[PDB]
Amino acid sequence: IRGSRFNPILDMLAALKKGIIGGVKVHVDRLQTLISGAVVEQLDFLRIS
Amino acid sequence: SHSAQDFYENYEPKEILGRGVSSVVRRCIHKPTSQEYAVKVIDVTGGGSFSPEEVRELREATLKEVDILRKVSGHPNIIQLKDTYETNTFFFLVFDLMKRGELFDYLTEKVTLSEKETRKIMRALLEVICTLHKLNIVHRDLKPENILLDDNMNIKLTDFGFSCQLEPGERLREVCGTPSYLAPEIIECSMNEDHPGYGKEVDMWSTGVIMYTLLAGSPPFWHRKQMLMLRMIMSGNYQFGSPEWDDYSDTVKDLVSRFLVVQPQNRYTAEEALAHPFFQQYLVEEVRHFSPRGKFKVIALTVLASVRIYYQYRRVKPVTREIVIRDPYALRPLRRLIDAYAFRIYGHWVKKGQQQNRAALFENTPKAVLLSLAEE
Amino acid sequence: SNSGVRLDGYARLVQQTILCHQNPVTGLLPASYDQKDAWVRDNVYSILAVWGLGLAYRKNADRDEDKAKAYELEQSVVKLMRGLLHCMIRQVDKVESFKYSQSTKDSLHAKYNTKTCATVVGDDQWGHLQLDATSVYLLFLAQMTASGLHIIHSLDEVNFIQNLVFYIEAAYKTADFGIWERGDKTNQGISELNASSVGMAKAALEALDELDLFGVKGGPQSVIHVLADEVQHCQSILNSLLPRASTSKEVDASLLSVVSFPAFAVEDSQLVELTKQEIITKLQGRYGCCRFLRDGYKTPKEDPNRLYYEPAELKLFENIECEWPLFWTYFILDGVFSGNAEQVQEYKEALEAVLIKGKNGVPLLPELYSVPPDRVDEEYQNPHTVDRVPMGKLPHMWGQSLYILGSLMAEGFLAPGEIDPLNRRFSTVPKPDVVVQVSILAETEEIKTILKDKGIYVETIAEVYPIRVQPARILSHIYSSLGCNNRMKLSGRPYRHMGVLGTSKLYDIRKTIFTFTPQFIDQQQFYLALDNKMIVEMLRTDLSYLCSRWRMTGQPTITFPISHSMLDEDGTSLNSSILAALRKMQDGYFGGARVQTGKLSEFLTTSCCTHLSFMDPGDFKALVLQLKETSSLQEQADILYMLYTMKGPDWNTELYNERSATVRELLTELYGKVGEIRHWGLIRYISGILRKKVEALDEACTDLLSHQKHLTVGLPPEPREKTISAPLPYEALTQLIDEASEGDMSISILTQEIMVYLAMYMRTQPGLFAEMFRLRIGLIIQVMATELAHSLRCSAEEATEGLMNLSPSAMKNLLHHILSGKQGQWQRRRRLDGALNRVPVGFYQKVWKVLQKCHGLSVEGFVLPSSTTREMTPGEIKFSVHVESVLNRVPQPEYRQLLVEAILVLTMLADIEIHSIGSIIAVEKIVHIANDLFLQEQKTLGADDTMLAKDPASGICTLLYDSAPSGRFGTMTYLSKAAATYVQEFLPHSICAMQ
């Protein structure tokens with residue numbers, strides 16, 4: 001933020017909340033809902049080694 | 001007189017602790033250290049109902065009060081001004097938080113006080129008064145309602161709204177305060193403009209009056225009519241009740257008579273009062289030397305005290321229920337219980353002002369045809 | 001691994017204990033034993049262990065077998081959830097009926113059936129009123145959905161849930177039978193308020209604020225909308241009555257559930273430790289804890305074959321309340337939840353000793369332990385000493401499941417953050433403060449010019465065309481359409497008033513911004529908004545109220561349009577109070593909050609906004625002539641009232657030949673002329689004709705009742721005087737107050753006004769209502785008239801005329817004056833005290849102690865038997881009611897005050913002696929003896945006969961009334977002497993008093 005530099009980040013966060021960033025659709029929500037019900041890839045090689 | 005932003009971002013108000021004529025006291029915290037305090041918010045505009053001369057004079061009065069309390073700060077038994085904030089409409093005065101209320105509720109709940117705490121409060125008040133007089137500063141506003149109590153029975157003077165500096169050689173001719181606490185000199189200033197003025201004597205009279213009202217339980221001078229009360233005060237014929245002070249020492253009564261003197265010159269000062277034997281105490285000393293007459297006198301006094309202690313113990317009377325049938329007021333426990341029960345039954349008609357007072361509850365007068373003669 | 005073995009063992013235990021009677025198809029477990037029923041609360045509570053073990057399985061599965069196990073457990077959970085939801089949805093008609101008015105007959109059944117989902121009992125054979133079960137059901141439904149598990153399928157069920165939300169939203173002012181299905185303390189069930197139901201309801205309403213039921217793949221209309229005023233009202237109610245469960249029970253152990261793992265709704269944790277210490281020190285036993293004092297359930301007395309307890313519970317239900325280990329197994333979870341471990345070990349060790357081992361060697365929780373029928377006398381002398389034996393039903397699935405969940409939590413397989421995804425554990429975190437934003441608008445150009453003259457820059461109603469401002473009643477009419485379905489006969493949310501908490505936040509309706517003014521600037525409802533002082537006062541209290549809680553995100557926003565009525569008499573300047581208030585919320589400090597002003601353009605970028613989706617498209621002629629020709633507002637009101645009462649309730653007067661002028665139209669037009677003159681001489685008169693009602697009167701009444709207080713409407717005497725001991729609906733309240741006020745019309749308005757005055761007064765200063773147990777509006781009114789007559793030295797009619805002409809600020813000031821309490825002096829004060837019967841704080845306790853050592857206290861024939869002391873306790877209300885009734889037989893206030901003084905002097909004098917009188921005491925005789933002694937002493941002194949006067953109907957000298965109580969000549973000495981003489985008169989020739 002460093003003082004007066006705090007405006008453009010506010011504008012970017014507001015645009016991100018709006019839903020579109022230069023023609024790209026975006027979604028925002030809590031991490032717990034997103035991680036739930038999603039495929040997670042497994043790294044099980046360390047257990048064998 | 002800094003900006004209100006500092007007060008807004010430094011102190012956060014809390015629930016109300018009390019109310020006044022135009023100001024309310026609220027609790028506040030200091031964010032850096034989390035220390036509790038009490039803040040007095042004064043509305044100089046008076047809710048917008050004040051003509052601007054009134055606002056200006058209130059602002060001048062509060063500025064005089066802050067700059068006169070600035071010098072006095074330092075005494076352990078005085079209120080400490082921690083921070084000041086000024087706006088166009090409000091003054092924020094931050095003092096120490098005490099804990100409980102002032103003397104009125106304590107005296108109402110306990111009816112009357114004993115000599116043990118009386119000695120301490122009188123000593124502290126005399127020390128504060130002597131310190132104030134040494135600084136050439138007067139108060140003219142000792143009332144029991146301006147003395148706060150702590151959890152360890154600590155008293156500090158507050159409400160200096162009438163305090164002002166006294167240039168030496170000057171004689172003030174202003175009249176203020178409750179009429180019951182008005183010294184004869186102030187009232188003489190009222191009737192006659194030729195009187196030179198008054199001084200610290202009004203302070204001694206106020207100390208005597210508060211001592212009287214804490215000891216007896218009722219003010220020495222009080223009546224339903226202001227004019228007759230003023231004539232009562234001018235006469236200076238305070239009397240001692242018969243079945244009320246038969247269990248008090250002679251030294252305290254002598255001190256009572258010494259505090260209240262009509263003549264301003266004969267009134268005792270703080271230094272003279274502090275030297276009375278009532279406050280006498282000893283810690284340790286080994287330079288007691290005298291003649292053999294002194295040894296005989298001391299041994300005779302010891303023997304006399306040892307003999308008298310048993311006889312004083314024997315002078316107690318039983319319950320005497322038959323005497324209760326005749327007269328219950330004679331016995332001290334019966335009197336104290338009747339008084340306390342009467343106070344708790346009728347405890348919410350004692351407030352500020354001359355209209356209602358503690359003396360209105362007691363009726364020691366023999367209600368009869370003698371009530372026809374009241375005044376001229 | 002060890003974890004696999006432990007979890008397999010726990011699954012085996014759960015399967016052998018609970019899942020063996022899951023009862024598929026319907027999916028509802030039987031309510032234990034051979035009862036063949038299904039209680040909602042037990043069914044809801046029996047699934048927490050399964051849910052927790054399933055969540056434990058899900059995170060560590062990583063294998064087909066454990067994945068399938070978690071799938072099966074989850075599908076069992078959803079099957080039971082849907083089965084229970086079917087019971088609710090099958091009975092929409094009762095919900096619709098209950099949505100309007102409150103009664104037990106249109107309430108939902110509490111015990112549903114097995115297969116075919118039928119009813120087992122009618123509406124008059126069981127207690128069908130339990131808000132706690134429905135609230136806890138919704139709370140676990142919300143938690144279940146937030147966990148990520150689908151329960152809801154169709155969108156119609158969303159409408160049903162929305163309707164049920166309104167069904168339970170009035171729990172703060174609706175009495176219920178209770179969790180125990182036993183009504184009040186004693187039997188013959190009478191519906192009464194309890195803290196447990198509202199404590200459960202608050203969390204359930206909070207949980208469903210925005211939680212969508214369709215998961216992450218929802219739509220525009222998938223979220224349940226709830227208000228916020230009800231939550232804060234419930235919080236205030238629970239805070240007021242937290243220490244005691246209700247007005248009849250000193251404590252109920254069920255308060256633990258509210259202040260533990262389920263439905264955290266509590267603030268100021270000091271109260272939490274206080275109630276925990278109190279319940280520990282009062283209800284702890286040897287092998288369990290009691291529900292509450294003096295419950296006879298499952299006792300060797302009482303004839304369990306019979307119900308409707310006879311009023312003879314003197315000692316047959318004392319110190320023999322059996323036990324309940326459910327509250328014990330609550331303690332282990334409560335301790336293990338936040339940060340406590342040693343207490344958890346202590347409680348686990350204590351509970352392991354009271355366990356019983358059955359088949360296959362598995363834990364089993366007994367219901368209660370009963371006192372042996374023979375060892376009963378010993379317990380009365382040595383409580384909590386005699387051993388007990390198990391007795392009754394003990395497949396208790398509730399406590400068993402709770403203990404299983406607690407053990408699983410303690411083992412560490414599951415984290416506390418998984419049971420509650422909504423993070424309800426941080427309710428004790430303080431919130432520093434909030435900043436309030438206020439915008440000021442001018443109605444017309446003239447007002448804008450006037451404000452700009454004094455240096456205030458405001459903007460008119462125009463020029464902000466994108467932004468529109470409307471009152472709140474249109475917003476209520478808008479909200480009256482949420483969740484409306486025609487096929488299922490659902491009428492949507494009923495009409496109700498709004499708090500200021502709802503109007504502050506901005507709104508969006510069809511790509512448009514709307515702002516709504518607060519409801520207290522409405523002059524079309526009542527006339528208290530015509531006074532500037534009260535406008536200022538309600539602004540101050542409302543700003544304080546918003547600054548206090550503000551549990552929503554974003555800064556508030558308040559619109560305060562300045563009206564034409566806010567100008568002075570000449571209409572060229574605003575009033576001094578309004579200008580002072582404006583200068584006051586300038587500089588950022590007004591009332592008890594920080595106020596920042598500006599323009600709506602800047603507040604738009606930083607303010608909470610709500611998107612709304614459900615409004616998206618899918619000879620009388622001679623009298624009339626006399627009225628027309630005549631003048632004066634007085635005769636105007638008289639003739640309009642006469643015409644309305646006689647022939648003109650809705651008949652057209654035909655006064656104007658072109659427009660049909662109805663009596664109501666003329667009456668409502670007269671308000672415009674009345675308001676300009678500021679004449680409080682007929683505005684109340686016309687308001688009585690139109691019968692205007694003040695909003696939120698029921699809220700004021702329930703706030704009055706929640707303070708352990710009894711209300712009473714009407715002048716004396718009985719039987720037209722009433723007693724409102726329980727909350728009543730708005731229509732019932734209005735009918736009752738109208739019946740009490742009779743045809744005096746203005747009495748109803750005055751009662752409403754004084755009730756509202758008390759209503760905003762007790763919240764600010766709840767300290768002047770001490771020394772009082774019962775208030776009467778009529779008695780206060782007569783005292784007001786008497787005081788005004790004495791002040792003005794006029795007749796009663798002139799005093800009434802002056803009182804009815806006072807501005808409302810004057811009534812508030814005089815009410816405060818007489819509430820503070822601030823010959824002719826002493827007698828007046830004694831009369832006031834007798835009128836307001838301000839009995840001391842510890843009066844009833846002293847009366848009880850004296851009654852303990854005497855046969856009774858006779859007062860002019862009527863006697864109070866000493867047998868009352870053993871069937872009743874000083875803490876409860878009935879003794880106070882009986883004592884006041886006995887003391888209220890005499891009508892003269894001076895008599896009641898002297899009676900109080902004499903009985904109190906009896907109380908003090910009884911302590912000195914140590915004896916039993918064994919006789920009845922006549923207080924009137926003592927008073928007469930004291931009076932005779934006083935008269936004899938005064939005659940002995942030498943007083944002339946004039947001052948020893950006699951009252952026309954007393955036999956008591958007026959100088960005795962004028963006499964002060966204390967002193968060497970006070971009435972206390974005479975009363976004490978008379979009481980001592982009377983005691984000696986009935987004493988065996990020996991006093992033997994020592995102290």
# chains A, B, ... in the order shown; residues from 1 in each chain; ligands from 1
>>> closest_atom_pairs(of="region 147-193 of chain B", to="region 348-361 of chain B", cutoff="10 Å", atoms="only C-alpha atoms", output="CSV")
residue,atom,partner,partner_atom,distance
B:178,CA,B:354,CA,7.9
B:179,CA,B:354,CA,8.2
B:180,CA,B:354,CA,7.8
>>> closest_atom_pairs(of="chain A", to="chain C", cutoff="8 Å", atoms="only C-alpha atoms", output="tab-separated table")
residue	atom	partner	partner_atom	distance
A:33	CA	C:216	CA	7.5
A:36	CA	C:148	CA	7.5
A:37	CA	C:148	CA	8.0
>>> interface_residues(of="chain C", to="chain B", cutoff="6 Å", atoms="only C-alpha atoms", output="ChimeraX atom specification")
/C:580,943,966-968,977
>>> residues_around(residues="residue 197 (chain B)", least_positions_apart="6", cutoff="6 Å", atoms="only C-alpha atoms", output="list in words")
residues 171, 172 and 173 of chain B
>>> select_by_dssp(residues="chain A", states="helix (DSSP H, G or I)", output="PyMOL selection string")
chain A and resi 3-18+31-35+45-48
>>> closest_residue(among="B:166, B:176, B:227, B:331", to="residue 246 (chain B)", atoms="only C-alpha atoms")
B:331
>>> residues_around(residues="residue 29 (chain A)", least_positions_apart="3", cutoff="12 Å", atoms="only C-alpha atoms", output="PyMOL selection string")
(chain A and resi 16-17+19+26+32-35) or (chain C and resi 216)
>>> write_last_selection(atoms="N, CA and C atoms", output="PDB file, in the first residue's frame")
ATOM      1  N   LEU A  16     -11.874  -7.027  -9.760  1.00  0.00           N
ATOM      2  CA  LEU A  16     -11.879  -8.467  -9.521  1.00  0.00           C
ATOM      3  C   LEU A  16     -13.184  -8.911  -8.873  1.00  0.00           C
ATOM      4  N   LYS A  17     -13.681  -8.130  -7.912  1.00  0.00           N
ATOM      5  CA  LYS A  17     -14.957  -8.442  -7.278  1.00  0.00           C
ATOM      6  C   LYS A  17     -16.113  -8.328  -8.265  1.00  0.00           C
ATOM      7  N   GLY A  19     -16.314  -9.195 -11.435  1.00  0.00           N
ATOM      8  CA  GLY A  19     -16.495 -10.476 -12.089  1.00  0.00           C
ATOM      9  C   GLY A  19     -15.769 -10.645 -13.409  1.00  0.00           C
ATOM     10  N   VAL A  26     -14.137 -14.354 -13.879  1.00  0.00           N
ATOM     11  CA  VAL A  26     -13.458 -14.759 -12.656  1.00  0.00           C
ATOM     12  C   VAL A  26     -14.497 -15.030 -11.575  1.00  0.00           C
ATOM     13  N   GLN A  32     -12.273 -22.956   1.470  1.00  0.00           N
ATOM     14  CA  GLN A  32     -12.799 -24.237   1.935  1.00  0.00           C
ATOM     15  C   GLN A  32     -13.843 -24.796   0.975  1.00  0.00           C
ATOM     16  N   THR A  33     -14.729 -23.940   0.459  1.00  0.00           N
ATOM     17  CA  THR A  33     -15.733 -24.410  -0.490  1.00  0.00           C
ATOM     18  C   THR A  33     -15.093 -24.847  -1.803  1.00  0.00           C
ATOM     19  N   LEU A  34     -14.086 -24.104  -2.270  1.00  0.00           N
ATOM     20  CA  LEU A  34     -13.436 -24.448  -3.532  1.00  0.00           C
ATOM     21  C   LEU A  34     -12.670 -25.762  -3.430  1.00  0.00           C
ATOM     22  N   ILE A  35     -11.948 -25.973  -2.327  1.00  0.00           N
ATOM     23  CA  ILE A  35     -11.156 -27.192  -2.189  1.00  0.00           C
ATOM     24  C   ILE A  35     -12.065 -28.407  -2.039  1.00  0.00           C
TER      25      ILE A  35
ATOM     26  N   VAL C 216     -22.388 -24.894  -4.256  1.00  0.00           N
ATOM     27  CA  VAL C 216     -21.585 -24.014  -5.104  1.00  0.00           C
ATOM     28  C   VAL C 216     -22.169 -23.852  -6.498  1.00  0.00           C
TER      29      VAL C 216
END
>>> residues_around(residues="residue 248 (chain C)", least_positions_apart="5", cutoff="9 Å", atoms="only C-alpha atoms", output="PyMOL selection string")
chain C and resi 184-186+876-877
>>> write_last_selection(atoms="N, CA, C and O atoms", output="PDB file, in the first residue's frame")
ATOM      1  N   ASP C 184     -45.124 -24.850  32.933  1.00  0.00           N
ATOM      2  CA  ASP C 184     -44.449 -24.066  33.959  1.00  0.00           C
ATOM      3  C   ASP C 184     -43.935 -24.992  35.060  1.00  0.00           C
ATOM      4  O   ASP C 184     -43.849 -26.213  34.894  1.00  0.00           O
ATOM      5  N   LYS C 185     -43.559 -24.402  36.198  1.00  0.00           N
ATOM      6  CA  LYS C 185     -43.010 -25.161  37.319  1.00  0.00           C
ATOM      7  C   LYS C 185     -43.932 -26.308  37.723  1.00  0.00           C
ATOM      8  O   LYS C 185     -43.535 -27.479  37.709  1.00  0.00           O
ATOM      9  N   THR C 186     -45.173 -25.988  38.081  1.00  0.00           N
ATOM     10  CA  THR C 186     -46.139 -27.014  38.438  1.00  0.00           C
ATOM     11  C   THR C 186     -46.909 -27.476  37.201  1.00  0.00           C
ATOM     12  O   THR C 186     -46.753 -26.942  36.100  1.00  0.00           O
ATOM     13  N   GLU C 876     -40.332 -16.888  45.347  1.00  0.00           N
ATOM     14  CA  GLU C 876     -41.356 -16.945  44.315  1.00  0.00           C
ATOM     15  C   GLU C 876     -42.355 -15.796  44.482  1.00  0.00           C
ATOM     16  O   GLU C 876     -42.321 -15.038  45.456  1.00  0.00           O
ATOM     17  N   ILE C 877     -43.257 -15.678  43.505  1.00  0.00           N
ATOM     18  CA  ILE C 877     -44.129 -14.511  43.392  1.00  0.00           C
ATOM     19  C   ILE C 877     -45.400 -14.596  44.240  1.00  0.00           C
ATOM     20  O   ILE C 877     -45.900 -13.555  44.698  1.00  0.00           O
TER      21      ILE C 877
END
>>> select_by_dssp(residues="region 627-829 of chain C", states="strand (DSSP E or B)", output="PyMOL selection string")
chain C and resi 652+662+710-711+724+774
>>> write_last_selection(atoms="C-alpha atoms", output="PDB file, in the first residue's frame")
ATOM      1  CA  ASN C 652     -71.622  10.488   3.096  1.00  0.00           C
ATOM      2  CA  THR C 662     -67.468  11.077   4.150  1.00  0.00           C
ATOM      3  CA  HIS C 710     -46.781  -7.491  36.451  1.00  0.00           C
ATOM      4  CA  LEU C 711     -48.837  -5.036  34.409  1.00  0.00           C
ATOM      5  CA  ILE C 724     -51.689  -8.878  32.115  1.00  0.00           C
ATOM      6  CA  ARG C 774     -46.799  -3.812  40.566  1.00  0.00           C
TER       7      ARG C 774
END
>>> residues_around(residues="residue 299 (chain C)", least_positions_apart="3", cutoff="10 Å", atoms="only C-alpha atoms", output="count of residues only")
14
>>> residues_around(residues="residue 58 (chain B)", least_positions_apart="3", cutoff="10 Å", atoms="only C-alpha atoms", output="ChimeraX atom specification")
/B:42-46,52-55,61-64
>>> decode(residues="region 701-715 of chain C", atoms="N, CA, C and O atoms", output="PDB file, in the first residue's frame")
ATOM      1  N   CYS C 701     -44.680  -4.090  25.696  1.00  0.00           N
ATOM      2  CA  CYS C 701     -45.312  -4.897  26.734  1.00  0.00           C
ATOM      3  C   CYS C 701     -44.446  -6.089  27.124  1.00  0.00           C
ATOM      4  O   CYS C 701     -44.313  -6.403  28.312  1.00  0.00           O
ATOM      5  N   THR C 702     -43.846  -6.768  26.144  1.00  0.00           N
ATOM      6  CA  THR C 702     -43.014  -7.920  26.476  1.00  0.00           C
ATOM      7  C   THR C 702     -41.714  -7.484  27.144  1.00  0.00           C
ATOM      8  O   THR C 702     -41.186  -8.194  28.005  1.00  0.00           O
ATOM      9  N   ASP C 703     -41.198  -6.302  26.787  1.00  0.00           N
ATOM     10  CA  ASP C 703     -40.043  -5.766  27.499  1.00  0.00           C
ATOM     11  C   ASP C 703     -40.395  -5.445  28.947  1.00  0.00           C
ATOM     12  O   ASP C 703     -39.589  -5.675  29.856  1.00  0.00           O
ATOM     13  N   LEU C 704     -41.595  -4.904  29.178  1.00  0.00           N
ATOM     14  CA  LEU C 704     -42.061  -4.682  30.543  1.00  0.00           C
ATOM     15  C   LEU C 704     -42.183  -5.996  31.307  1.00  0.00           C
ATOM     16  O   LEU C 704     -41.770  -6.089  32.468  1.00  0.00           O
ATOM     17  N   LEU C 705     -42.744  -7.022  30.665  1.00  0.00           N
ATOM     18  CA  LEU C 705     -42.981  -8.293  31.344  1.00  0.00           C
ATOM     19  C   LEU C 705     -41.686  -9.048  31.623  1.00  0.00           C
ATOM     20  O   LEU C 705     -41.598  -9.769  32.623  1.00  0.00           O
ATOM     21  N   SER C 706     -40.676  -8.899  30.763  1.00  0.00           N
ATOM     22  CA  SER C 706     -39.435  -9.652  30.909  1.00  0.00           C
ATOM     23  C   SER C 706     -38.629  -9.253  32.139  1.00  0.00           C
ATOM     24  O   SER C 706     -37.693  -9.972  32.500  1.00  0.00           O
ATOM     25  N   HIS C 707     -38.963  -8.138  32.787  1.00  0.00           N
ATOM     26  CA  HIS C 707     -38.244  -7.670  33.964  1.00  0.00           C
ATOM     27  C   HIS C 707     -38.837  -8.200  35.266  1.00  0.00           C
ATOM     28  O   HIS C 707     -38.723  -7.532  36.300  1.00  0.00           O
ATOM     29  N   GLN C 708     -39.465  -9.379  35.234  1.00  0.00           N
ATOM     30  CA  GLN C 708     -40.142  -9.952  36.398  1.00  0.00           C
ATOM     31  C   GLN C 708     -41.191  -8.980  36.935  1.00  0.00           C
ATOM     32  O   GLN C 708     -41.211  -8.636  38.120  1.00  0.00           O
ATOM     33  N   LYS C 709     -42.071  -8.535  36.042  1.00  0.00           N
ATOM     34  CA  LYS C 709     -42.978  -7.436  36.322  1.00  0.00           C
ATOM     35  C   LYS C 709     -44.403  -7.811  35.939  1.00  0.00           C
ATOM     36  O   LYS C 709     -44.629  -8.580  35.000  1.00  0.00           O
ATOM     37  N   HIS C 710     -45.361  -7.261  36.680  1.00  0.00           N
ATOM     38  CA  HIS C 710     -46.781  -7.491  36.451  1.00  0.00           C
ATOM     39  C   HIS C 710     -47.447  -6.187  36.034  1.00  0.00           C
ATOM     40  O   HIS C 710     -47.336  -5.177  36.736  1.00  0.00           O
ATOM     41  N   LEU C 711     -48.142  -6.213  34.903  1.00  0.00           N
ATOM     42  CA  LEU C 711     -48.837  -5.036  34.409  1.00  0.00           C
ATOM     43  C   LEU C 711     -50.311  -5.076  34.806  1.00  0.00           C
ATOM     44  O   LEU C 711     -50.879  -6.129  35.104  1.00  0.00           O
ATOM     45  N   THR C 712     -50.933  -3.897  34.807  1.00  0.00           N
ATOM     46  CA  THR C 712     -52.337  -3.765  35.176  1.00  0.00           C
ATOM     47  C   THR C 712     -52.956  -2.539  34.519  1.00  0.00           C
ATOM     48  O   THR C 712     -52.527  -1.409  34.772  1.00  0.00           O
ATOM     49  N   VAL C 713     -53.971  -2.748  33.685  1.00  0.00           N
ATOM     50  CA  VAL C 713     -54.626  -1.672  32.953  1.00  0.00           C
ATOM     51  C   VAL C 713     -55.964  -1.374  33.615  1.00  0.00           C
ATOM     52  O   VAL C 713     -56.727  -2.294  33.932  1.00  0.00           O
ATOM     53  N   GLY C 714     -56.232  -0.093  33.855  1.00  0.00           N
ATOM     54  CA  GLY C 714     -57.522   0.315  34.370  1.00  0.00           C
ATOM     55  C   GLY C 714     -57.502   0.946  35.748  1.00  0.00           C
ATOM     56  O   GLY C 714     -56.673   0.603  36.596  1.00  0.00           O
ATOM     57  N   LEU C 715     -58.424   1.879  35.969  1.00  0.00           N
ATOM     58  CA  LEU C 715     -58.638   2.461  37.280  1.00  0.00           C
ATOM     59  C   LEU C 715     -59.192   1.414  38.244  1.00  0.00           C
ATOM     60  O   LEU C 715     -59.779   0.415  37.823  1.00  0.00           O
TER      61      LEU C 715
END
